[PDB]
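A.B. asks: Got a structure for you, target_27.txt, holding compact mmCIF, C-alpha atoms and all ligand atoms.
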# COMPACT_ATOMS: atom_id res chain seq x y z
CA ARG A 1 -2.87 -19.20 12.67
CA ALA A 2 -4.97 -16.13 13.20
CA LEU A 3 -7.39 -16.26 10.25
CA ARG A 4 -6.46 -13.37 7.93
CA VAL A 5 -9.08 -11.52 5.90
CA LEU A 6 -8.44 -8.87 3.21
CA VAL A 7 -11.39 -6.54 2.72
CA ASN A 8 -11.45 -4.42 -0.39
CA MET A 9 -12.30 -0.73 -0.09
CA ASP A 10 -14.09 0.63 -3.17
CA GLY A 11 -17.32 -1.24 -3.83
CA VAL A 12 -17.10 -3.12 -0.52
CA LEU A 13 -16.52 -0.59 2.28
CA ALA A 14 -16.90 2.62 0.32
CA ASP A 15 -19.81 3.36 -2.00
CA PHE A 16 -17.78 4.24 -5.08
CA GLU A 17 -20.64 3.57 -7.53
CA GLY A 18 -23.18 5.83 -5.83
CA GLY A 19 -20.69 8.55 -5.12
CA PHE A 20 -19.44 8.56 -8.67
CA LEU A 21 -22.95 8.72 -10.16
CA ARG A 22 -24.02 11.55 -7.90
CA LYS A 23 -20.90 13.60 -8.63
CA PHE A 24 -21.03 12.90 -12.37
CA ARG A 25 -24.63 14.12 -12.55
CA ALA A 26 -24.02 17.30 -10.55
CA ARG A 27 -21.03 18.14 -12.77
CA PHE A 28 -22.37 16.95 -16.14
CA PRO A 29 -26.19 17.42 -15.85
CA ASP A 30 -26.78 17.45 -19.64
CA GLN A 31 -24.89 14.24 -20.29
CA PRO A 32 -26.36 10.73 -20.38
CA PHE A 33 -25.45 8.48 -17.43
CA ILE A 34 -25.60 4.81 -16.41
CA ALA A 35 -28.15 4.16 -13.64
CA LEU A 36 -26.68 1.93 -10.90
CA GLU A 37 -28.97 -0.99 -11.83
CA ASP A 38 -27.75 -0.78 -15.42
CA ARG A 39 -24.07 -0.93 -14.50
CA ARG A 40 -22.24 -3.86 -16.10
CA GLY A 41 -18.54 -4.73 -16.06
CA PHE A 42 -15.94 -3.56 -13.55
CA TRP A 43 -14.68 -0.53 -15.46
CA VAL A 44 -17.01 2.43 -15.13
CA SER A 45 -15.28 4.53 -17.81
CA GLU A 46 -15.59 1.68 -20.36
CA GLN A 47 -19.36 1.58 -20.02
CA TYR A 48 -19.54 5.39 -20.15
CA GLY A 49 -17.31 5.45 -23.26
CA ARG A 50 -19.68 2.97 -25.02
CA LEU A 51 -22.62 5.24 -24.12
CA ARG A 52 -21.16 8.29 -25.92
CA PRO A 53 -17.74 9.52 -27.17
CA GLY A 54 -15.80 11.81 -24.80
CA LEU A 55 -17.68 10.41 -21.80
CA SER A 56 -14.92 8.04 -20.62
CA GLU A 57 -12.74 11.09 -20.03
CA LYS A 58 -15.47 12.99 -18.16
CA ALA A 59 -16.08 9.90 -15.97
CA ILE A 60 -12.37 9.66 -15.15
CA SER A 61 -12.31 13.31 -14.16
CA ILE A 62 -14.82 12.63 -11.40
CA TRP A 63 -12.65 10.16 -9.51
CA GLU A 64 -9.52 12.14 -10.23
CA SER A 65 -11.02 15.17 -8.46
CA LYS A 66 -10.12 16.33 -5.01
CA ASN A 67 -12.39 14.92 -2.29
CA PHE A 68 -13.93 12.23 -4.46
CA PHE A 69 -12.54 9.32 -2.39
CA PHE A 70 -12.72 11.16 0.89
CA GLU A 71 -16.41 11.95 0.59
CA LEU A 72 -17.55 8.45 -0.35
CA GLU A 73 -20.24 7.10 2.01
CA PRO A 74 -19.74 3.75 3.72
CA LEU A 75 -21.81 0.96 2.23
CA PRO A 76 -24.60 -0.18 4.64
CA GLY A 77 -23.32 -2.36 7.47
CA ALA A 78 -19.68 -2.19 6.25
CA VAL A 79 -18.16 -0.23 9.13
CA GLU A 80 -20.05 -2.19 11.83
CA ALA A 81 -19.16 -5.54 10.16
CA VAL A 82 -15.42 -4.86 9.76
CA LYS A 83 -15.11 -3.46 13.27
CA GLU A 84 -16.79 -6.64 14.61
CA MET A 85 -14.69 -8.81 12.35
CA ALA A 86 -11.39 -7.21 13.56
CA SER A 87 -12.42 -7.68 17.25
CA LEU A 88 -13.02 -11.45 16.73
CA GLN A 89 -10.57 -13.84 18.38
CA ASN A 90 -7.92 -15.29 16.08
CA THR A 91 -8.86 -12.93 13.20
CA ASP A 92 -6.72 -10.24 11.53
CA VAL A 93 -8.38 -7.88 9.06
CA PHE A 94 -6.57 -5.78 6.47
CA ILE A 95 -8.19 -3.26 4.20
CA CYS A 96 -6.71 -3.91 0.71
CA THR A 97 -7.21 -1.25 -1.98
CA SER A 98 -5.88 -0.51 -5.45
CA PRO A 99 -5.31 3.20 -5.83
CA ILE A 100 -5.99 4.86 -9.21
CA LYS A 101 -3.00 5.90 -11.37
CA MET A 102 -3.39 9.65 -10.55
CA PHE A 103 -1.91 9.70 -7.07
CA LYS A 104 -2.29 13.31 -5.95
CA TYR A 105 -5.33 12.71 -3.72
CA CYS A 106 -6.43 9.10 -3.80
CA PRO A 107 -3.84 7.52 -1.42
CA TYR A 108 -4.08 10.38 1.06
CA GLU A 109 -7.93 10.43 1.06
CA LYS A 110 -8.11 6.65 1.49
CA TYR A 111 -6.00 6.90 4.75
CA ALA A 112 -8.17 9.84 5.81
CA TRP A 113 -11.36 7.88 5.10
CA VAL A 114 -10.14 4.90 7.13
CA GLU A 115 -9.20 7.24 10.02
CA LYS A 116 -12.71 8.86 9.89
CA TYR A 117 -14.73 5.56 9.98
CA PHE A 118 -12.42 3.11 11.83
CA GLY A 119 -10.10 5.33 13.83
CA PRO A 120 -6.35 6.06 13.86
CA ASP A 121 -5.42 2.60 15.11
CA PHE A 122 -6.96 1.01 12.02
CA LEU A 123 -4.44 2.85 9.76
CA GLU A 124 -1.96 0.02 10.58
CA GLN A 125 -4.32 -2.37 8.71
CA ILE A 126 -4.18 -0.65 5.32
CA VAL A 127 -2.53 -2.23 2.30
CA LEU A 128 -2.35 -0.25 -0.92
CA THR A 129 -1.38 -2.28 -3.94
CA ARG A 130 -2.30 -2.72 -7.57
CA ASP A 131 -1.61 -6.42 -7.20
CA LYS A 132 -3.70 -8.23 -4.63
CA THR A 133 -2.35 -11.69 -5.53
CA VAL A 134 0.92 -10.81 -3.80
CA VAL A 135 -0.91 -10.19 -0.50
CA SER A 136 -1.38 -13.42 1.40
CA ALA A 137 -4.39 -14.24 3.47
CA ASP A 138 -7.11 -16.82 3.91
CA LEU A 139 -9.86 -14.70 2.34
CA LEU A 140 -10.22 -11.72 0.00
CA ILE A 141 -13.64 -10.01 -0.05
CA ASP A 142 -13.69 -7.95 -3.20
CA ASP A 143 -16.27 -6.89 -5.78
CA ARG A 144 -13.96 -7.27 -8.81
CA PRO A 145 -14.64 -10.62 -10.56
CA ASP A 146 -11.23 -11.13 -12.17
CA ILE A 147 -8.38 -10.66 -9.67
CA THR A 148 -5.04 -11.50 -11.21
CA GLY A 149 -1.43 -10.37 -11.08
CA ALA A 150 2.09 -11.63 -10.46
CA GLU A 151 1.17 -14.61 -8.25
CA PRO A 152 -0.68 -17.27 -10.34
CA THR A 153 -1.70 -19.11 -7.15
CA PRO A 154 -2.87 -16.65 -4.42
CA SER A 155 -3.21 -18.05 -0.94
CA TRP A 156 -6.64 -16.46 -0.42
CA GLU A 157 -10.06 -17.60 -1.48
CA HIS A 158 -11.70 -14.69 -3.37
CA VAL A 159 -15.23 -14.17 -2.11
CA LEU A 160 -17.07 -11.99 -4.59
CA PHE A 161 -18.79 -9.06 -2.93
CA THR A 162 -21.99 -8.19 -4.75
CA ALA A 163 -22.19 -4.93 -6.62
CA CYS A 164 -24.43 -3.57 -9.47
CA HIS A 165 -21.75 -4.34 -12.00
CA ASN A 166 -21.39 -8.02 -11.04
CA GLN A 167 -24.79 -8.95 -9.57
CA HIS A 168 -25.84 -10.87 -12.70
CA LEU A 169 -22.61 -12.75 -13.13
CA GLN A 170 -22.62 -16.46 -13.03
CA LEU A 171 -19.40 -17.58 -11.30
CA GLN A 172 -17.56 -20.86 -11.78
CA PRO A 173 -18.36 -23.22 -8.87
CA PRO A 174 -16.95 -23.43 -6.19
CA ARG A 175 -16.59 -19.57 -6.17
CA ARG A 176 -18.68 -17.96 -3.46
CA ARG A 177 -20.36 -14.54 -2.92
CA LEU A 178 -20.90 -12.28 0.01
CA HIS A 179 -24.13 -10.61 -1.00
CA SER A 180 -23.93 -7.49 1.26
CA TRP A 181 -22.69 -6.82 4.77
CA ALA A 182 -26.17 -8.04 6.03
CA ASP A 183 -25.31 -11.46 4.57
CA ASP A 184 -23.59 -13.96 6.85
CA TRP A 185 -19.89 -13.03 6.65
CA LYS A 186 -19.19 -14.87 9.93
CA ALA A 187 -20.11 -18.23 8.39
CA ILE A 188 -17.75 -17.54 5.48
CA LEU A 189 -14.95 -16.78 7.95
CA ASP A 190 -15.76 -19.86 10.07
CA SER A 191 -15.62 -22.13 7.00
CA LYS A 192 -11.91 -21.30 6.61
CA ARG A 193 -10.88 -21.78 10.24
CA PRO A 194 -9.32 -25.09 11.56
CA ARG B 1 7.46 -19.04 -10.92
CA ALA B 2 8.78 -15.62 -11.75
CA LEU B 3 11.13 -14.91 -8.83
CA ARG B 4 9.52 -12.12 -6.77
CA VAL B 5 11.61 -9.53 -4.94
CA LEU B 6 10.34 -6.88 -2.49
CA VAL B 7 12.64 -3.89 -2.25
CA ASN B 8 12.17 -1.54 0.66
CA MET B 9 12.12 2.21 0.02
CA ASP B 10 13.51 4.22 2.95
CA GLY B 11 17.08 3.23 3.74
CA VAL B 12 17.34 1.06 0.61
CA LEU B 13 16.22 3.13 -2.40
CA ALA B 14 15.81 6.50 -0.73
CA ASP B 15 18.43 8.11 1.48
CA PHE B 16 16.22 8.76 4.48
CA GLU B 17 19.13 9.00 6.95
CA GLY B 18 21.09 11.64 5.03
CA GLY B 19 18.03 13.62 4.11
CA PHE B 20 16.78 13.65 7.66
CA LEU B 21 20.13 14.77 9.09
CA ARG B 22 20.52 17.55 6.57
CA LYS B 23 17.01 18.87 7.15
CA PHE B 24 17.25 18.55 10.93
CA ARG B 25 20.46 20.61 10.96
CA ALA B 26 19.14 23.36 8.69
CA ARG B 27 16.01 23.66 10.86
CA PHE B 28 17.56 23.13 14.31
CA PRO B 29 21.16 24.46 13.94
CA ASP B 30 21.69 24.97 17.71
CA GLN B 31 20.60 21.48 18.66
CA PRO B 32 22.86 18.44 19.06
CA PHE B 33 22.54 15.77 16.32
CA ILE B 34 23.56 12.17 15.63
CA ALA B 35 26.22 11.90 12.91
CA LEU B 36 25.35 9.15 10.40
CA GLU B 37 28.26 6.94 11.56
CA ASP B 38 26.98 7.18 15.13
CA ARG B 39 23.45 6.09 14.26
CA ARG B 40 22.35 2.96 16.14
CA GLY B 41 18.96 1.24 16.22
CA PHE B 42 16.18 1.54 13.64
CA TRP B 43 14.22 4.34 15.28
CA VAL B 44 15.79 7.72 14.66
CA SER B 45 13.59 9.59 17.17
CA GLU B 46 14.53 7.14 19.95
CA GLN B 47 18.23 7.90 19.59
CA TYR B 48 17.50 11.64 19.37
CA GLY B 49 15.29 11.44 22.49
CA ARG B 50 18.15 9.77 24.43
CA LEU B 51 20.48 12.58 23.31
CA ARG B 52 18.33 15.34 24.84
CA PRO B 53 14.70 15.84 26.02
CA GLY B 54 12.30 17.39 23.47
CA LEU B 55 14.49 16.20 20.59
CA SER B 56 12.38 13.15 19.66
CA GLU B 57 9.54 15.54 18.82
CA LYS B 58 11.77 17.85 16.75
CA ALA B 59 13.11 14.81 14.84
CA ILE B 60 9.58 13.63 14.08
CA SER B 61 8.67 17.05 12.78
CA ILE B 62 11.29 16.75 10.07
CA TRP B 63 9.80 13.67 8.43
CA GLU B 64 6.28 14.91 9.00
CA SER B 65 7.03 18.03 6.95
CA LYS B 66 5.92 18.64 3.42
CA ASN B 67 8.49 17.56 0.81
CA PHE B 68 10.60 15.52 3.19
CA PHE B 69 9.96 12.20 1.41
CA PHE B 70 9.73 13.72 -2.03
CA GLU B 71 13.13 15.39 -1.84
CA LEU B 72 15.06 12.36 -0.60
CA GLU B 73 18.01 11.47 -2.85
CA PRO B 74 18.33 7.96 -4.26
CA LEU B 75 20.99 5.87 -2.54
CA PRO B 76 24.00 5.22 -4.87
CA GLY B 77 23.29 2.55 -7.48
CA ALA B 78 19.71 1.97 -6.24
CA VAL B 79 17.79 3.25 -9.27
CA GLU B 80 20.12 1.56 -11.80
CA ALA B 81 20.03 -1.74 -9.83
CA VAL B 82 16.23 -1.93 -9.45
CA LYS B 83 15.64 -0.97 -13.07
CA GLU B 84 18.04 -3.77 -14.14
CA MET B 85 16.48 -6.16 -11.67
CA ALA B 86 12.92 -5.50 -12.98
CA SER B 87 14.07 -6.04 -16.62
CA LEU B 88 15.54 -9.50 -15.77
CA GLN B 89 13.73 -12.54 -17.18
CA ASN B 90 11.48 -14.37 -14.73
CA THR B 91 11.80 -11.60 -12.09
CA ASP B 92 9.07 -9.35 -10.63
CA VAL B 93 10.10 -6.46 -8.40
CA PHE B 94 7.82 -4.62 -6.00
CA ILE B 95 8.77 -1.59 -3.98
CA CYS B 96 7.45 -2.26 -0.43
CA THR B 97 7.27 0.67 2.00
CA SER B 98 5.78 1.39 5.41
CA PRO B 99 4.34 4.87 5.46
CA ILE B 100 4.57 6.94 8.67
CA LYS B 101 1.39 7.44 10.76
CA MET B 102 0.90 11.08 9.61
CA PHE B 103 -0.52 10.47 6.15
CA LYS B 104 -0.98 13.96 4.71
CA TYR B 105 2.14 13.89 2.50
CA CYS B 106 4.06 10.66 2.90
CA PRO B 107 1.94 8.31 0.70
CA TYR B 108 1.52 10.91 -2.03
CA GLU B 109 5.25 11.87 -2.08
CA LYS B 110 6.32 8.22 -2.17
CA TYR B 111 4.25 7.67 -5.41
CA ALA B 112 5.68 10.92 -6.75
CA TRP B 113 9.23 9.85 -5.91
CA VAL B 114 8.78 6.50 -7.65
CA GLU B 115 7.34 8.28 -10.73
CA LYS B 116 10.36 10.69 -10.78
CA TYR B 117 13.11 7.96 -10.59
CA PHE B 118 11.46 4.88 -12.20
CA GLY B 119 8.70 6.30 -14.36
CA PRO B 120 4.89 6.12 -14.42
CA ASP B 121 4.81 2.44 -15.34
CA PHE B 122 6.66 1.54 -12.14
CA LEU B 123 3.75 2.93 -10.02
CA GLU B 124 2.02 -0.47 -10.56
CA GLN B 125 4.86 -2.05 -8.50
CA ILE B 126 4.27 -0.12 -5.29
CA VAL B 127 3.01 -1.76 -2.12
CA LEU B 128 2.34 0.40 0.91
CA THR B 129 1.84 -1.52 4.11
CA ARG B 130 2.79 -1.41 7.76
CA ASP B 131 3.00 -5.19 7.72
CA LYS B 132 5.49 -6.68 5.31
CA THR B 133 4.99 -10.25 6.53
CA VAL B 134 1.61 -10.34 4.77
CA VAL B 135 3.28 -9.60 1.40
CA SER B 136 4.52 -12.79 -0.21
CA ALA B 137 7.67 -13.05 -2.23
CA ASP B 138 10.93 -14.95 -2.46
CA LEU B 139 13.08 -12.11 -1.12
CA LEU B 140 12.69 -8.93 0.94
CA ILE B 141 15.61 -6.46 0.80
CA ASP B 142 15.14 -4.17 3.75
CA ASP B 143 17.38 -2.31 6.20
CA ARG B 144 15.18 -2.95 9.28
CA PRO B 145 16.62 -5.87 11.31
CA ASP B 146 13.41 -7.02 13.00
CA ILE B 147 10.55 -7.47 10.50
CA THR B 148 7.49 -8.93 12.14
CA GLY B 149 3.71 -8.70 11.95
CA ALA B 150 0.60 -10.81 11.48
CA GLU B 151 2.22 -13.67 9.54
CA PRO B 152 4.63 -15.62 11.84
CA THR B 153 6.09 -17.45 8.81
CA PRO B 154 6.67 -15.04 5.87
CA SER B 155 7.37 -16.62 2.52
CA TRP B 156 10.34 -14.32 1.83
CA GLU B 157 13.92 -14.53 2.95
CA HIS B 158 14.80 -11.15 4.54
CA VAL B 159 18.12 -9.92 3.21
CA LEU B 160 19.37 -7.16 5.46
CA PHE B 161 20.36 -4.07 3.53
CA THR B 162 23.25 -2.31 5.23
CA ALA B 163 22.65 1.06 6.80
CA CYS B 164 24.48 3.17 9.49
CA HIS B 165 22.03 2.02 12.10
CA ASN B 166 22.56 -1.72 11.49
CA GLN B 167 26.10 -1.95 10.07
CA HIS B 168 27.54 -3.28 13.34
CA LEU B 169 24.84 -5.82 13.98
CA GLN B 170 25.72 -9.41 14.21
CA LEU B 171 22.88 -11.41 12.62
CA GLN B 172 21.86 -14.98 13.41
CA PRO B 173 23.23 -17.34 10.71
CA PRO B 174 21.94 -18.11 8.08
CA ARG B 175 20.68 -14.46 7.72
CA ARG B 176 22.35 -12.65 4.85
CA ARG B 177 23.19 -9.00 4.00
CA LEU B 178 23.20 -6.94 0.86
CA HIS B 179 25.94 -4.47 1.69
CA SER B 180 25.03 -1.71 -0.84
CA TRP B 181 23.71 -1.67 -4.39
CA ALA B 182 27.40 -2.14 -5.57
CA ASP B 183 27.35 -5.52 -3.80
CA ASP B 184 26.30 -8.55 -5.83
CA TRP B 185 22.47 -8.51 -5.66
CA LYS B 186 22.26 -10.75 -8.76
CA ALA B 187 23.93 -13.64 -6.94
CA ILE B 188 21.44 -13.27 -4.08
CA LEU B 189 18.57 -13.42 -6.57
CA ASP B 190 20.12 -16.39 -8.42
CA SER B 191 20.48 -18.35 -5.16
CA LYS B 192 16.67 -18.39 -4.80
CA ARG B 193 15.82 -19.42 -8.37
CA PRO B 194 15.11 -23.11 -9.36
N1 LIG C 1 -8.93 3.67 -14.38
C1 LIG C 1 -10.17 3.31 -14.06
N2 LIG C 1 -10.53 3.06 -12.74
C2 LIG C 1 -11.83 2.65 -12.46
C3 LIG C 1 -12.78 2.49 -13.48
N3 LIG C 1 -13.89 2.09 -12.85
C4 LIG C 1 -13.65 2.01 -11.52
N4 LIG C 1 -12.39 2.36 -11.28
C5 LIG C 1 -11.66 2.48 -9.93
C6 LIG C 1 -12.60 2.24 -8.77
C7 LIG C 1 -11.62 1.93 -7.66
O1 LIG C 1 -11.16 3.19 -7.16
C8 LIG C 1 -10.48 1.25 -8.43
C9 LIG C 1 -10.41 -0.26 -8.23
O2 LIG C 1 -9.92 -0.49 -6.96
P1 LIG C 1 -10.35 -1.81 -6.18
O3 LIG C 1 -11.86 -1.58 -5.68
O4 LIG C 1 -9.46 -1.72 -4.92
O5 LIG C 1 -10.19 -3.10 -6.96
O6 LIG C 1 -10.74 1.41 -9.80
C10 LIG C 1 -12.41 2.74 -14.82
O7 LIG C 1 -13.13 2.62 -15.82
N5 LIG C 1 -11.09 3.13 -15.05
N1 LIG C 2 7.66 6.95 13.90
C1 LIG C 2 8.95 6.86 13.60
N2 LIG C 2 9.37 6.59 12.30
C2 LIG C 2 10.73 6.48 12.04
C3 LIG C 2 11.68 6.64 13.06
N3 LIG C 2 12.87 6.46 12.46
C4 LIG C 2 12.67 6.21 11.15
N4 LIG C 2 11.36 6.22 10.89
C5 LIG C 2 10.64 6.04 9.54
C6 LIG C 2 11.62 5.93 8.39
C7 LIG C 2 10.76 5.30 7.33
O1 LIG C 2 10.01 6.36 6.72
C8 LIG C 2 9.80 4.44 8.17
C9 LIG C 2 10.09 2.95 8.11
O2 LIG C 2 9.68 2.50 6.87
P1 LIG C 2 10.42 1.24 6.21
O3 LIG C 2 11.84 1.78 5.67
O4 LIG C 2 9.55 1.01 4.95
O5 LIG C 2 10.56 0.03 7.10
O6 LIG C 2 10.00 4.77 9.52
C10 LIG C 2 11.25 6.91 14.38
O7 LIG C 2 11.97 7.06 15.38
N5 LIG C 2 9.88 7.00 14.59
MG MG C 3 -13.45 -2.80 -5.29
MG MG C 4 13.67 0.94 5.38
Once you've parsed the file, please lay out its structure as structure tokens.
C.D. replies:
Amino acid sequence: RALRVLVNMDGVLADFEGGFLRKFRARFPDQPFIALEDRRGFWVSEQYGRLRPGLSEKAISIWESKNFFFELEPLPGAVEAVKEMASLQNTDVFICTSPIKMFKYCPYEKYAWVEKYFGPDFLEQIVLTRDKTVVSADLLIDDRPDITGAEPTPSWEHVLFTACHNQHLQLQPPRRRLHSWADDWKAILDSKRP
Amino acid sequence: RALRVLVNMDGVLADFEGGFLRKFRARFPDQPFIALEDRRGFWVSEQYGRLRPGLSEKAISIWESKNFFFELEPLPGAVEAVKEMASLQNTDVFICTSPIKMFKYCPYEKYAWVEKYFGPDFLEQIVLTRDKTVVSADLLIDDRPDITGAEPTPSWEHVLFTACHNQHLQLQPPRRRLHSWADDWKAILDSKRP
């Protein structure tokens, strides 16, 4: 009866796309790269693999490296918006994130990143899972278009958060977008309340 | 429509109680300790704090230390039972665990422990959260008596897994126990199926 909102981390709170591109270019300066505006499809390494052989593996090595997740910059307005959202009456916010398969740094750095931008008390709001459909809530704000898993009927409405990779996608009505944290996330929340 | 079962980690799959006691005694050999049979109440540091001042903090330092979670032994039958359970038709198993507040090692070591005993492919089945009520499923097998959080009506039935700390507790009917992994977990699963 508190409205419950799941907010994805990478591509919603944390600027994974920009951080990746920057780090890829510093480490592989004589390789071709995908400009952010040219990004298409969720999977970064797939697009890089299509661009040139061997490049999928180089791309992967960026996000597998120490400090990659920790050093991601917040997306504009993300921190302010989630902090306001969590302080709203009758509203519980969880940060829901799918860690990569290589687990040496990513889980740790995600907790550390949340501590840095939201504070120790916000660590209680983290959910790490590869399956978001088994987390129940009224809303999921997430930049991945296709969110599936073990539950064929999730309780949340998926609101697509705009990113380079999905900005041109035509969704099936009545699927809805949140265009950036400057867009009116409060009205989306209010539309789900009694 | 696949039956979905959440299986807690510490005190259900991983022998947190035995591992803690062993490590506490090697590190603090001239301190009093709580024998496993004398354990009461979920919170280990609370009982240790009652036993002597300063001892809560020493207890905490054990599970905050590097390799504490990684080096926990599986509880008897736990690995075999969960592997069988996951291979059953129309049955999805997730391992659901609440990491401690100090996040340097615990998340990482939990993924590592799952990889060691269940294999890389089982990493997809991990859910880390401090709030289990927001994970939906038919069953939650968990040794903690009081499982609460943001969802006042969880979709799972909590089956209490026996541990030293809870073995004397009288539950409110119709709450049910799984007494150990030698006990008949298949009949509990079957009672929830259509
Ligand atoms: N394995 C893999 N992971 C990717 C690729 N592209 C992006 N990712 C990462 C970015 C995020 O860390 C993660 C998805 O997590 P999420 O934003 O929580 O849905 O996947 C890719 O091509 N391959
Ligand atoms: N902070 C704290 N954690 C405890 C205490 N006793 C046990 N724990 C840990 C054991 C597990 O790692 C964790 C509970 O996780 P879970 O088994 O998933 O419900 O809490 C205690 O007194 N204080
Ligand atoms: Mg994302
Ligand atoms: Mg437990």
A.B. asks: Please find the residues contacting ligand MG 3 (chain C) at a distance of at most 10 Å between atoms, with all atoms listed in the file counted, and report them as number ranges by chain.
C.D. replies: A: 7-17, 42, 96-98, 141-145, 160-161, 163
A.B. asks: Specify as a PyMOL selection string all residues of chain B found within 9 Å of chain A, counting only C-alpha atoms.
C.D. replies: chain B and resi 1-2+4+92+101+103-109+111-112+120+123-131+133-137+150-152
A.B. asks: Dump as a count of residues only all residues having an atom at most 12 Å from (18.0, -3.7, -11.7), computed in the file's coordinates with all atoms listed in the file.
C.D. replies: 27
A.B. asks: In the coordinate frame of the file, compute which residues have an atom within 10 Å of (-16.3, 11.6, -1.1) when using only C-alpha atoms, and state them as a list in words.
C.D. replies: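 Residues found, by chain and rising number: residues 14, 15, 16, 19, 20, 23, 63, 65, 66, 67, 68, 69, 70, 71, 72, 73, 74, 109, 110 and 113 of chain A.
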A.B. asks: Under the rule that only C-alpha atoms and all ligand atoms are counted, which of B:40, B:165, B:27, B:176 is the nearest residue to ligand MG 4 (chain C)?
C.D. replies: B:165
A.B. asks: Which centre and edge lengths in Å to one decimal define the box along x, y and z that fits every listed atom of segment 56-64 of chain B plus 5 Å per side, as AutoDock Vina command-line options?
C.D. replies:
--center_x 9.7 --center_y 15.5 --center_z 14.0 --size_x 16.8 --size_y 14.7 --size_z 21.2
A.B. asks: How far is it from atom CA of residue 59 of chain B to atom CA of residue 47 of chain B, in Å with one decimal?
C.D. replies: 9.8 Å
A.B. asks: I'd like to know which of A:146, A:115, A:37, A:190 is closest to ligand LIG 1 (chain C), using all atoms listed in the file.
C.D. replies: A:146
A.B. asks: What gap, in Å, lies between atom CA of residue 156 of chain B and atom CA of residue 140 of chain B?
C.D. replies: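 So the answer is 5.9 Å.
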A.B. asks: Mind giving me the straight-line distance from atom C2 of ligand LIG 2 (chain C) to atom CA of residue 21 of chain B in Å, one decimal?
C.D. replies: 12.9 Å
